[PDB]
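Participant: What follows is protein.cif; its format and atoms are mmCIF, C-alpha atoms and all ligand atoms.
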data_data
#
loop_
_atom_site.label_atom_id
_atom_site.label_comp_id
_atom_site.auth_asym_id
_atom_site.auth_seq_id
_atom_site.Cartn_x
_atom_site.Cartn_y
_atom_site.Cartn_z
CA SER P 1 16.94 -2.59 31.92
CA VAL P 2 19.00 -3.89 28.95
CA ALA P 3 15.95 -6.08 28.03
CA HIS P 4 13.47 -3.20 28.74
CA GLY P 5 15.22 -1.02 26.10
CA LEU P 6 15.56 -3.94 23.64
CA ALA P 7 11.77 -4.67 23.73
CA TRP P 8 10.88 -0.96 23.30
CA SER P 9 13.33 -0.73 20.38
CA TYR P 10 12.04 -3.96 18.73
CA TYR P 11 8.56 -2.45 18.83
CA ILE P 12 9.41 1.17 17.82
CA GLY P 13 12.07 0.17 15.24
CA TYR P 14 10.37 -2.86 13.68
CA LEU P 15 6.95 -4.21 14.79
CA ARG P 16 5.27 -0.72 14.72
CA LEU P 17 6.42 -0.39 11.04
CA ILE P 18 5.52 -3.91 9.69
CA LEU P 19 2.47 -5.07 11.70
CA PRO P 20 -0.06 -2.44 10.27
CA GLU P 21 0.86 -3.58 6.70
CA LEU P 22 1.06 -7.38 7.38
CA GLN P 23 -2.67 -8.32 6.92
CA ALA P 24 -2.73 -6.90 3.35
CA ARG P 25 0.50 -8.79 2.42
CA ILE P 26 -0.95 -12.08 3.69
CA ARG P 27 -4.35 -11.48 1.89
CA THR P 28 -2.46 -10.62 -1.38
CA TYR P 29 -0.42 -13.86 -1.04
CA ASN P 30 -3.57 -16.00 -0.30
CA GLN P 31 -5.44 -14.34 -3.23
CA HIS P 32 -2.80 -15.34 -5.85
CA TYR P 33 -2.80 -18.98 -4.49
CA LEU P 34 -8.90 -22.04 5.88
CA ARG P 35 -5.64 -24.00 6.57
CA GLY P 36 -4.57 -24.00 2.87
CA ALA P 37 -4.53 -20.21 3.22
CA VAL P 38 -1.53 -18.78 5.15
CA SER P 39 -2.76 -17.84 8.65
CA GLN P 40 -2.91 -14.18 9.67
CA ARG P 41 -0.41 -12.72 12.22
CA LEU P 42 3.36 -12.74 12.53
CA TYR P 43 4.36 -15.64 14.80
CA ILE P 44 7.34 -14.40 16.85
CA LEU P 45 9.64 -17.04 18.36
CA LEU P 46 10.98 -16.13 21.84
CA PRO P 47 13.41 -18.87 22.99
CA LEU P 48 14.21 -17.95 26.62
CA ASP P 49 17.70 -19.59 26.18
CA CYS P 50 18.36 -16.77 23.58
CA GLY P 51 19.41 -19.33 20.93
CA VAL P 52 18.52 -17.74 17.58
CA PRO P 53 19.47 -20.03 14.61
CA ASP P 54 19.21 -18.66 11.07
CA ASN P 55 17.53 -21.76 9.57
CA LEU P 56 14.24 -22.97 11.10
CA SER P 57 14.14 -26.46 9.44
CA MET P 58 17.44 -27.09 11.34
CA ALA P 59 15.68 -26.33 14.72
CA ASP P 60 12.80 -28.69 13.77
CA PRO P 61 12.46 -30.71 10.48
CA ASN P 62 8.62 -30.45 10.95
CA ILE P 63 8.97 -26.67 10.12
CA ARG P 64 9.49 -26.43 6.36
CA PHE P 65 10.06 -23.25 4.34
CA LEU P 66 7.21 -22.70 1.86
CA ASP P 67 7.73 -19.22 0.33
CA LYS P 68 8.68 -15.58 1.00
CA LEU P 69 5.71 -13.22 1.57
CA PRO P 70 5.65 -10.21 -0.98
CA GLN P 71 8.23 -7.75 0.48
CA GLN P 72 7.26 -4.43 2.09
CA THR P 73 9.35 -1.29 1.25
CA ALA P 74 9.48 2.10 3.00
CA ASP P 75 11.86 5.04 3.19
CA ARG P 76 13.43 4.64 6.63
CA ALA P 77 16.04 6.88 8.30
CA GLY P 78 17.76 7.78 5.00
CA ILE P 79 17.47 4.25 3.56
CA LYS P 80 15.33 4.68 0.42
CA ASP P 81 13.03 1.62 0.00
CA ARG P 82 14.29 -0.14 3.15
CA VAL P 83 13.05 -3.73 2.53
CA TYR P 84 11.06 -5.82 5.08
CA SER P 85 11.18 -9.49 4.02
CA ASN P 86 9.22 -12.23 5.90
CA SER P 87 9.02 -16.03 5.41
CA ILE P 88 6.10 -18.49 5.30
CA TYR P 89 6.50 -21.95 6.83
CA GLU P 90 4.48 -25.19 6.78
CA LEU P 91 4.08 -27.00 10.14
CA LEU P 92 3.96 -30.81 9.85
CA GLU P 93 2.48 -33.27 12.32
CA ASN P 94 2.98 -37.05 11.68
CA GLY P 95 3.80 -36.34 7.99
CA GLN P 96 0.72 -34.10 7.43
CA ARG P 97 0.54 -30.32 6.97
CA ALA P 98 -1.15 -29.06 10.17
CA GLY P 99 -0.60 -25.29 9.68
CA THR P 100 0.95 -22.52 7.55
CA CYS P 101 2.18 -19.23 9.08
CA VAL P 102 4.62 -16.28 8.83
CA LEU P 103 7.35 -17.09 11.38
CA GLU P 104 10.63 -15.62 12.68
CA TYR P 105 12.75 -15.19 15.82
CA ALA P 106 12.88 -11.91 17.82
CA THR P 107 16.52 -11.04 16.86
CA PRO P 108 17.16 -8.83 20.05
CA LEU P 109 17.27 -12.12 22.05
CA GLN P 110 20.51 -12.92 20.11
CA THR P 111 21.92 -9.61 21.49
CA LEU P 112 21.36 -10.95 25.04
CA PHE P 113 23.22 -14.15 24.03
CA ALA P 114 26.17 -12.23 22.50
CA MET P 115 26.38 -9.79 25.48
CA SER P 116 26.64 -12.78 27.81
CA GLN P 117 29.60 -14.07 25.68
CA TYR P 118 31.63 -10.80 25.41
CA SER P 119 33.57 -9.55 28.44
CA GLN P 120 33.25 -5.86 27.42
CA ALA P 121 29.41 -6.05 27.52
CA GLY P 122 29.52 -6.40 31.36
CA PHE P 123 26.58 -8.83 31.16
CA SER P 124 26.69 -12.19 32.93
CA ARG P 125 25.28 -15.46 31.60
CA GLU P 126 23.70 -15.83 35.13
CA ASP P 127 21.51 -12.75 34.34
CA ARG P 128 20.51 -13.78 30.81
CA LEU P 129 17.36 -15.86 31.54
CA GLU P 130 15.86 -13.05 33.75
CA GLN P 131 16.60 -10.54 30.94
CA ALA P 132 15.03 -12.87 28.28
CA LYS P 133 11.85 -13.13 30.46
CA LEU P 134 11.82 -9.33 30.94
CA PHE P 135 12.20 -8.80 27.13
CA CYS P 136 9.10 -11.00 26.54
CA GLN P 137 7.07 -9.39 29.38
CA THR P 138 7.91 -5.83 28.18
CA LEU P 139 6.95 -6.74 24.58
CA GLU P 140 3.59 -8.19 25.88
CA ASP P 141 2.95 -4.97 27.96
CA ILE P 142 3.67 -2.65 24.95
CA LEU P 143 1.47 -4.73 22.60
CA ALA P 144 -1.43 -4.55 25.12
CA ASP P 145 -1.50 -0.73 24.33
CA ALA P 146 -1.10 -1.06 20.51
CA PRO P 147 -4.28 -2.91 19.30
CA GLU P 148 -3.34 -2.90 15.56
CA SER P 149 0.06 -4.50 16.38
CA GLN P 150 -1.31 -6.88 19.07
CA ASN P 151 -3.92 -8.45 16.69
CA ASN P 152 -1.28 -8.85 13.95
CA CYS P 153 1.18 -10.94 15.96
CA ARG P 154 1.50 -13.82 18.42
CA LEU P 155 4.33 -14.16 20.98
CA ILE P 156 5.74 -17.69 21.26
CA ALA P 157 7.89 -17.83 24.43
CA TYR P 158 9.43 -21.19 25.52
CA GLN P 159 12.18 -22.99 27.48
CA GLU P 160 13.53 -26.37 26.31
CA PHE P 161 11.44 -30.65 22.53
CA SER P 162 9.25 -29.96 19.48
CA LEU P 163 9.31 -26.37 18.18
CA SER P 164 6.55 -27.20 15.57
CA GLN P 165 4.25 -28.46 18.42
CA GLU P 166 4.91 -25.22 20.34
CA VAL P 167 3.85 -23.13 17.28
CA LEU P 168 0.85 -25.41 16.47
CA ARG P 169 -0.52 -25.04 20.05
CA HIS P 170 -0.65 -21.25 19.51
CA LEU P 171 -2.05 -21.62 15.93
CA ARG P 172 -4.83 -23.97 17.20
CA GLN P 173 -5.83 -21.52 20.00
CA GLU P 174 -7.70 -19.33 17.43
CA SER H 1 21.85 0.82 30.38
CA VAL H 2 18.95 1.38 27.97
CA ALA H 3 21.49 3.05 25.58
CA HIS H 4 24.26 0.47 26.46
CA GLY H 5 21.95 -2.40 25.31
CA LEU H 6 20.78 -0.44 22.23
CA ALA H 7 24.41 0.11 21.03
CA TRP H 8 25.29 -3.60 21.62
CA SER H 9 22.17 -4.64 19.73
CA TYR H 10 22.79 -2.20 16.82
CA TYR H 11 26.23 -3.76 16.46
CA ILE H 12 25.29 -7.47 16.97
CA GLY H 13 21.98 -7.25 15.06
CA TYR H 14 23.02 -5.01 12.17
CA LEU H 15 26.55 -3.55 11.77
CA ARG H 16 28.32 -6.93 12.41
CA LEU H 17 26.19 -8.41 9.54
CA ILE H 18 26.50 -5.61 6.90
CA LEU H 19 29.97 -4.00 7.45
CA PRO H 20 32.09 -7.11 6.37
CA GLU H 21 30.15 -7.17 3.02
CA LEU H 22 29.99 -3.37 2.42
CA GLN H 23 33.39 -2.86 0.62
CA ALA H 24 32.47 -5.37 -2.13
CA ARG H 25 29.05 -3.73 -2.68
CA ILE H 26 30.61 -0.24 -3.02
CA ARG H 27 33.32 -1.62 -5.46
CA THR H 28 30.52 -3.35 -7.51
CA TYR H 29 28.51 -0.11 -7.62
CA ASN H 30 31.61 1.87 -8.72
CA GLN H 31 32.53 -0.70 -11.45
CA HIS H 32 29.05 -1.45 -12.96
CA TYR H 33 26.29 0.87 -11.71
CA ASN H 34 27.90 4.26 -11.02
CA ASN H 35 27.47 6.83 -13.82
CA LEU H 36 30.60 6.39 -16.00
CA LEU H 37 31.54 10.08 -15.73
CA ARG H 38 31.10 10.38 -11.95
CA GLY H 39 33.70 10.09 -9.22
CA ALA H 40 33.78 6.91 -7.13
CA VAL H 41 31.38 6.50 -4.15
CA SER H 42 33.59 6.70 -1.02
CA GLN H 43 34.14 3.59 1.09
CA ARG H 44 32.46 3.17 4.56
CA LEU H 45 28.98 3.54 5.94
CA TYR H 46 28.51 7.07 7.28
CA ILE H 47 26.28 6.76 10.36
CA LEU H 48 24.37 9.86 11.50
CA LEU H 49 24.13 10.22 15.30
CA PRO H 50 21.97 13.32 16.09
CA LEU H 51 22.24 13.75 19.88
CA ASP H 52 18.71 15.32 19.87
CA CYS H 53 17.48 11.80 18.71
CA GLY H 54 15.59 13.34 15.76
CA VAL H 55 15.59 10.69 13.02
CA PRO H 56 13.74 11.89 9.85
CA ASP H 57 13.11 9.38 7.04
CA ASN H 58 14.15 11.73 4.19
CA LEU H 59 17.67 13.22 4.26
CA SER H 60 17.12 15.95 1.57
CA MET H 61 14.45 17.33 4.01
CA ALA H 62 17.13 17.66 6.80
CA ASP H 63 19.51 19.43 4.36
CA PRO H 64 18.81 20.23 0.64
CA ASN H 65 22.62 19.96 0.05
CA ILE H 66 22.25 16.14 0.66
CA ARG H 67 20.76 14.67 -2.52
CA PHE H 68 19.81 11.03 -3.12
CA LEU H 69 21.90 9.53 -5.95
CA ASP H 70 21.14 5.76 -6.00
CA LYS H 71 20.58 2.61 -3.93
CA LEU H 72 23.68 0.41 -3.48
CA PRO H 73 23.16 -3.28 -4.79
CA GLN H 74 21.19 -4.99 -1.95
CA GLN H 75 22.71 -7.59 0.37
CA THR H 76 20.66 -10.73 1.23
CA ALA H 77 21.20 -13.30 4.00
CA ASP H 78 19.12 -15.91 5.82
CA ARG H 79 18.54 -14.30 9.20
CA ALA H 80 16.58 -15.73 12.18
CA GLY H 81 14.10 -17.61 9.93
CA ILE H 82 13.79 -14.79 7.39
CA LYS H 83 15.03 -16.35 4.13
CA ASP H 84 16.98 -13.74 2.09
CA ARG H 85 16.51 -10.95 4.69
CA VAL H 86 17.32 -7.84 2.59
CA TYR H 87 19.81 -5.09 3.63
CA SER H 88 19.32 -1.99 1.49
CA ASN H 89 21.57 1.13 1.75
CA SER H 90 21.45 4.54 -0.03
CA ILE H 91 24.10 6.68 -1.74
CA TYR H 92 23.99 10.48 -1.41
CA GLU H 93 25.75 13.40 -3.09
CA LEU H 94 26.95 16.18 -0.72
CA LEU H 95 26.71 19.63 -2.37
CA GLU H 96 28.80 22.69 -1.46
CA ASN H 97 28.06 26.03 -3.28
CA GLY H 98 25.87 24.18 -5.81
CA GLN H 99 28.52 21.60 -6.88
CA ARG H 100 29.39 17.92 -5.90
CA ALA H 101 31.83 17.85 -2.96
CA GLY H 102 31.42 14.19 -1.96
CA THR H 103 29.47 10.94 -2.52
CA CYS H 104 28.88 8.42 0.31
CA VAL H 105 26.60 5.71 1.77
CA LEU H 106 24.64 7.47 4.54
CA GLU H 107 21.92 6.69 7.12
CA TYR H 108 20.76 7.44 10.68
CA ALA H 109 21.36 5.02 13.61
CA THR H 110 17.62 4.06 14.04
CA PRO H 111 18.00 3.09 17.82
CA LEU H 112 18.29 6.87 18.54
CA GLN H 113 14.60 7.13 17.50
CA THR H 114 13.80 4.53 20.21
CA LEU H 115 15.30 6.92 22.82
CA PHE H 116 13.10 9.72 21.44
CA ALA H 117 9.93 7.51 21.54
CA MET H 118 10.66 6.21 25.06
CA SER H 119 11.10 9.77 26.39
CA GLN H 120 7.50 10.50 25.10
CA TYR H 121 5.60 7.37 26.30
CA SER H 122 4.68 7.21 29.99
CA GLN H 123 4.89 3.37 30.09
CA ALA H 124 8.55 3.43 28.97
CA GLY H 125 9.61 4.85 32.40
CA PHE H 126 12.17 7.05 30.60
CA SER H 127 12.14 10.72 31.66
CA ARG H 128 11.97 13.42 29.00
CA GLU H 129 15.25 15.02 30.33
CA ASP H 130 17.22 11.70 30.15
CA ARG H 131 17.41 11.68 26.30
CA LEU H 132 20.68 13.59 25.76
CA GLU H 133 22.70 11.56 28.33
CA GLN H 134 21.38 8.29 26.81
CA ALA H 135 22.14 9.51 23.23
CA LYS H 136 25.76 10.31 24.34
CA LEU H 137 26.04 6.88 26.03
CA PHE H 138 24.72 5.16 22.83
CA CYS H 139 27.44 6.90 20.76
CA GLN H 140 30.24 6.19 23.32
CA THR H 141 29.25 2.49 23.62
CA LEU H 142 29.14 2.11 19.83
CA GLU H 143 32.62 3.75 19.55
CA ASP H 144 33.96 1.34 22.31
CA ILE H 145 32.54 -1.79 20.54
CA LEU H 146 33.91 -0.71 17.13
CA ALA H 147 37.41 -0.18 18.66
CA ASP H 148 37.43 -4.04 19.21
CA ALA H 149 36.02 -4.97 15.74
CA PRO H 150 38.85 -3.96 13.26
CA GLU H 151 37.05 -4.66 9.94
CA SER H 152 33.81 -3.03 11.19
CA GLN H 153 35.58 0.13 12.53
CA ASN H 154 37.29 0.56 9.10
CA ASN H 155 33.95 0.09 7.27
CA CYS H 156 32.09 2.87 9.05
CA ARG H 157 32.37 6.41 10.41
CA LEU H 158 30.32 7.76 13.35
CA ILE H 159 28.94 11.30 12.83
CA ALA H 160 27.72 12.53 16.25
CA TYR H 161 26.41 16.13 16.51
CA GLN H 162 24.26 18.68 18.41
CA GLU H 163 22.53 21.55 16.57
CA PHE H 164 23.23 24.18 11.14
CA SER H 165 24.51 22.38 8.02
CA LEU H 166 24.23 18.56 8.09
CA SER H 167 26.08 18.31 4.69
CA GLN H 168 29.04 20.31 6.17
CA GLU H 169 29.08 17.96 9.19
CA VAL H 170 29.32 14.90 6.85
CA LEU H 171 31.87 16.60 4.50
CA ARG H 172 34.20 17.39 7.44
CA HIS H 173 34.34 13.64 8.24
CA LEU H 174 34.60 12.62 4.52
CA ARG H 175 37.54 15.08 4.03
CA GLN H 176 39.44 13.82 7.17
CA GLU H 177 40.27 10.64 5.16
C1 LIG P 201 16.04 0.36 15.80
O1 LIG P 201 15.84 -0.77 16.63
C2 LIG P 201 15.55 -1.95 16.02
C3 LIG P 201 15.36 -2.12 14.66
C4 LIG P 201 15.10 -3.38 14.15
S1 LIG P 201 14.87 -3.74 12.46
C5 LIG P 201 14.67 -5.43 12.84
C6 LIG P 201 14.41 -6.35 11.74
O2 LIG P 201 14.38 -5.95 10.58
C7 LIG P 201 14.14 -7.79 12.07
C8 LIG P 201 15.13 -8.74 11.43
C9 LIG P 201 16.54 -8.43 11.80
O3 LIG P 201 16.89 -8.22 12.94
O4 LIG P 201 17.35 -8.37 10.78
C10 LIG P 201 14.77 -5.68 14.18
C11 LIG P 201 15.02 -4.51 14.99
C12 LIG P 201 15.20 -4.33 16.36
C13 LIG P 201 15.46 -3.07 16.88
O5 LIG P 201 15.64 -2.78 18.21
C14 LIG P 201 16.40 -3.70 19.01
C15 LIG P 201 17.54 -2.94 19.62
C16 LIG P 201 18.48 -2.33 18.61
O6 LIG P 201 19.13 -3.41 17.93
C17 LIG P 201 19.03 -3.48 16.56
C18 LIG P 201 19.16 -2.40 15.70
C19 LIG P 201 18.97 -2.59 14.34
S2 LIG P 201 19.00 -1.35 13.11
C20 LIG P 201 18.60 -2.52 11.87
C21 LIG P 201 18.37 -2.05 10.50
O7 LIG P 201 17.94 -2.80 9.63
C22 LIG P 201 18.72 -0.62 10.19
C23 LIG P 201 17.57 0.13 9.57
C24 LIG P 201 16.31 0.03 10.39
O8 LIG P 201 16.31 0.10 11.60
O9 LIG P 201 15.24 -0.16 9.68
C25 LIG P 201 18.48 -3.76 12.38
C26 LIG P 201 18.68 -3.86 13.81
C27 LIG P 201 18.58 -4.94 14.69
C28 LIG P 201 18.74 -4.76 16.05
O10 LIG P 201 18.59 -5.74 16.98
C29 LIG P 201 18.21 -7.02 16.53
#
Could I get this structure in the form of structure tokens?
Ligand SMILES: COc1cc2sc(C(=O)CCC(=O)O)cc2cc1OCCCOc1cc2sc(C(=O)CCC(=O)O)cc2cc1OC

Facilitator:
Amino acid sequence: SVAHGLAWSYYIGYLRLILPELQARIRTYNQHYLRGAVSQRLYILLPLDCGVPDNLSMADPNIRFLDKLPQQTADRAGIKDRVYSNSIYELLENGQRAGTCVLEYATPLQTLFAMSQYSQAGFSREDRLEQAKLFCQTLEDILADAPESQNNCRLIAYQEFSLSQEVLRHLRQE
Amino acid sequence: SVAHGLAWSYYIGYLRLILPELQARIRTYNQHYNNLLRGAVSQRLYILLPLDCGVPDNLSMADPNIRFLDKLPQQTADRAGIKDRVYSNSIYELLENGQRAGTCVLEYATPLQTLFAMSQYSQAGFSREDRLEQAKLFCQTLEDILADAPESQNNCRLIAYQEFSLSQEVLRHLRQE
């Protein structure tokens, strides 16, 4: 139930607010500059081990930062012009650019990791994998009822390895 | 359980990352961006915790005595693959009988809106009548976590309430310091 609430909050508090505006941001980026073009959809990394690093090129050198997408702003809960920033990455395969996409980790998975570390959270490391799977499954179930959000994102769940090959397999499915 | 996880995530995923850098941003605003003739913006993030889980996006709509003054200088950090993820926060003037009674950084705890949404959607398996108990649990859990994070606890103030003057609610907390 910790993961059930986290998935509902990740959707209500974030995905619901950025995914309807994402297509236009990507088109605007591609207009100023097929595979050369940044692919559509937010690619969401879901490591079931709940390991969320801040730098992607550290996780896999074949994932290289290209540019920041133009930021989205909106008045949110008293924050005037709350800023939504997203990053574009190149995916390399044997020294060649094989794909370009908007990529990030689902940050609530780091909450599961931290809760399993802190005694006061009353959350055991033995329950973390089941909770990570439930977070992913709940997010999939919600997105199945939100067509605008579902078509604007791709869920990349995995257990450990090549992170770029994991992303490319999803990118090549289209 | 839903609210227990939401409070832990609001701390781990947000407060833990902005509260250690807040003091410096307020001091910078006061030294270089604040109107020369104005009083200093108070320290600490004032977090609104409406137990009814009603989270509007515009504060002057909730109470006309809460007026937007300026945005604090933004904080940036590489976060989970987002290069220079931006943290923006807003400064408000609190009016009492037409005049300035206080100036502070203010916002709603957005996870409370998740409780409201879940109580509405059938697929969330969260009964309409469960909202208040979960809102109270969110606030209590957040208070418990902050009691173990010294810097963070000193960089924020929790404003929990049931409905009314929202500006008077904030001023009572501002004046306690
Ligand atoms: C209100 O609920 C959420 C809001 C956001 S905003 C967000 C991002 O902007 C993605 C990048 C990041 O985590 O910095 C993720 C989430 C997840 C949310 O739900 C997960 C459960 C609650 O935990 C968090 C609460 C907040 S509140 C927050 C804010 O930026 C405050 C203003 C706002 O919500 O727009 C970030 C988080 C991040 C959280 O977990 C990662």

Participant: Could you give me the residues within 7 Å of ligand LIG 201 (chain P), counting only C-alpha atoms and all ligand atoms, as a ChimeraX atom specification?

Facilitator: /P:6-7,9-10,12-14,76,82,84,107-108,111 /H:6-7,9-10,12-14,79,85,87,109-111,114

Participant: Just checking: using all atoms listed in the file, which residue out of H:49, H:158, H:3, H:69 ends up closest to residue 29 of chain H?

Facilitator: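 Nearest candidate to residue 29 of chain H out of H:49, H:158, H:3, H:69: H:69.
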
Participant: Taking only C-alpha atoms into account, name the residue in H:81, H:56, H:150, H:39 that is nearest to residue 93 of chain H.

Facilitator: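 Of the candidates, the smallest distance to residue 93 of chain H is held by H:39.
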
Participant: With distances taken over only C-alpha atoms, which residue among P:149, P:120, P:55, P:31 lies nearest residue 105 of chain P?

Facilitator: P:55

Participant: Write out as JSON, numbers by chain every residue belonging to chain P that has an atom at most 9 Å from any atom of chain H, counting only C-alpha atoms.

Facilitator: {"P": [1, 2, 3, 4, 5, 6, 8, 9, 10, 11, 12, 13, 52, 53, 54, 55, 56, 57, 65, 67, 68, 75, 76, 77, 78, 79, 80, 81, 82, 83, 84, 85, 86, 87, 88, 103, 104, 105, 106, 107, 108, 110, 111, 112, 114, 115, 120, 121, 141, 142]}

Participant: Kindly compute an axis-aligned box around the listed atoms of segment 99-112 of chain P, allowing 4 Å on each side, and express its centre and edge lengths in Å to one decimal as JSON.

Facilitator:
{"center_x": 10.7, "center_y": -17.1, "center_z": 16.3, "size_x": 30.5, "size_y": 24.5, "size_z": 25.5}

Participant: Between atom CA of residue 152 of chain P and atom CA of residue 129 of chain P, measure the distance and give it in Å to one decimal.

Facilitator: 26.6 Å

Participant: For a test of reading the model, state the distance in Å between atom CA of residue 47 of chain H and atom CA of residue 160 of chain H, rounded to one decimal.

Facilitator: 8.4 Å

Participant: Could you check which of H:94, H:40, H:174, H:24 is closest to residue 157 of chain H, using all atoms listed in the file?

Facilitator: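 Among H:94, H:40, H:174, H:24, it is H:174 that comes nearest to residue 157 of chain H.
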
Participant: Interatomic distance between atom CA of residue 136 of chain P and atom CA of residue 154 of chain P?

Facilitator: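 Computing it gives 11.5 Å between the two atoms.
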
Participant: Find, counting all atoms listed in the file, the residue in P:145, P:127, P:93, P:21 that gets nearest to residue 122 of chain H.

Facilitator: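 Residue with the minimum atom-to-atom distance to residue 122 of chain H: P:145.
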
Participant: Would you mind putting N, CA, C and O atoms back on segment 159-174 of chain H and writing the result as a PDB file, in the coordinates of the input?

Facilitator:
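Resulting contents of selection-v5.pdb:
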ATOM      1  N   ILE H 159      29.142   9.844  12.943  1.00  0.00           N
ATOM      2  CA  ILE H 159      28.940  11.300  12.830  1.00  0.00           C
ATOM      3  C   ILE H 159      27.980  11.762  13.934  1.00  0.00           C
ATOM      4  O   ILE H 159      26.768  11.820  13.711  1.00  0.00           O
ATOM      5  N   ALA H 160      28.523  12.058  15.107  1.00  0.00           N
ATOM      6  CA  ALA H 160      27.720  12.530  16.250  1.00  0.00           C
ATOM      7  C   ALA H 160      27.703  14.060  16.276  1.00  0.00           C
ATOM      8  O   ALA H 160      28.736  14.702  16.022  1.00  0.00           O
ATOM      9  N   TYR H 161      26.531  14.655  16.527  1.00  0.00           N
ATOM     10  CA  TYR H 161      26.410  16.130  16.510  1.00  0.00           C
ATOM     11  C   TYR H 161      25.207  16.632  17.304  1.00  0.00           C
ATOM     12  O   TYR H 161      24.206  15.927  17.439  1.00  0.00           O
ATOM     13  N   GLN H 162      25.307  17.890  17.759  1.00  0.00           N
ATOM     14  CA  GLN H 162      24.260  18.680  18.410  1.00  0.00           C
ATOM     15  C   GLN H 162      24.090  19.936  17.565  1.00  0.00           C
ATOM     16  O   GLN H 162      25.077  20.493  17.074  1.00  0.00           O
ATOM     17  N   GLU H 163      22.848  20.354  17.353  1.00  0.00           N
ATOM     18  CA  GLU H 163      22.530  21.550  16.570  1.00  0.00           C
ATOM     19  C   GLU H 163      22.550  22.816  17.418  1.00  0.00           C
ATOM     20  O   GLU H 163      22.190  22.785  18.590  1.00  0.00           O
ATOM     21  N   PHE H 164      22.450  25.423  11.181  1.00  0.00           N
ATOM     22  CA  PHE H 164      23.230  24.180  11.140  1.00  0.00           C
ATOM     23  C   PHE H 164      23.223  23.531   9.763  1.00  0.00           C
ATOM     24  O   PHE H 164      22.169  23.443   9.133  1.00  0.00           O
ATOM     25  N   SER H 165      24.393  23.053   9.312  1.00  0.00           N
ATOM     26  CA  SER H 165      24.510  22.380   8.020  1.00  0.00           C
ATOM     27  C   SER H 165      24.908  20.912   8.200  1.00  0.00           C
ATOM     28  O   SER H 165      26.063  20.624   8.515  1.00  0.00           O
ATOM     29  N   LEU H 166      23.956  19.994   7.976  1.00  0.00           N
ATOM     30  CA  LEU H 166      24.230  18.560   8.090  1.00  0.00           C
ATOM     31  C   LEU H 166      25.233  18.122   7.006  1.00  0.00           C
ATOM     32  O   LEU H 166      26.151  17.366   7.319  1.00  0.00           O
ATOM     33  N   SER H 167      25.120  18.646   5.764  1.00  0.00           N
ATOM     34  CA  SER H 167      26.080  18.310   4.690  1.00  0.00           C
ATOM     35  C   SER H 167      27.513  18.704   5.075  1.00  0.00           C
ATOM     36  O   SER H 167      28.429  17.924   4.828  1.00  0.00           O
ATOM     37  N   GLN H 168      27.708  19.878   5.728  1.00  0.00           N
ATOM     38  CA  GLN H 168      29.040  20.310   6.170  1.00  0.00           C
ATOM     39  C   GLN H 168      29.591  19.409   7.265  1.00  0.00           C
ATOM     40  O   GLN H 168      30.794  19.169   7.321  1.00  0.00           O
ATOM     41  N   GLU H 169      28.703  18.885   8.121  1.00  0.00           N
ATOM     42  CA  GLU H 169      29.080  17.960   9.190  1.00  0.00           C
ATOM     43  C   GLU H 169      29.619  16.668   8.548  1.00  0.00           C
ATOM     44  O   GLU H 169      30.687  16.188   8.945  1.00  0.00           O
ATOM     45  N   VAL H 170      28.899  16.132   7.542  1.00  0.00           N
ATOM     46  CA  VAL H 170      29.320  14.900   6.850  1.00  0.00           C
ATOM     47  C   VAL H 170      30.614  15.147   6.061  1.00  0.00           C
ATOM     48  O   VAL H 170      31.550  14.349   6.165  1.00  0.00           O
ATOM     49  N   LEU H 171      30.674  16.264   5.302  1.00  0.00           N
ATOM     50  CA  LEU H 171      31.870  16.600   4.500  1.00  0.00           C
ATOM     51  C   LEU H 171      33.139  16.716   5.332  1.00  0.00           C
ATOM     52  O   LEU H 171      34.184  16.237   4.893  1.00  0.00           O
ATOM     53  N   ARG H 172      33.047  17.276   6.549  1.00  0.00           N
ATOM     54  CA  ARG H 172      34.200  17.390   7.440  1.00  0.00           C
ATOM     55  C   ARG H 172      34.782  16.014   7.779  1.00  0.00           C
ATOM     56  O   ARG H 172      36.007  15.848   7.773  1.00  0.00           O
ATOM     57  N   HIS H 173      33.904  15.013   7.989  1.00  0.00           N
ATOM     58  CA  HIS H 173      34.340  13.640   8.240  1.00  0.00           C
ATOM     59  C   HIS H 173      34.887  13.002   6.970  1.00  0.00           C
ATOM     60  O   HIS H 173      35.933  12.355   7.034  1.00  0.00           O
ATOM     61  N   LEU H 174      34.186  13.173   5.822  1.00  0.00           N
ATOM     62  CA  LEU H 174      34.600  12.620   4.520  1.00  0.00           C
ATOM     63  C   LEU H 174      36.012  13.106   4.159  1.00  0.00           C
ATOM     64  O   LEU H 174      36.850  12.296   3.763  1.00  0.00           O
TER      65      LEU H 174
END
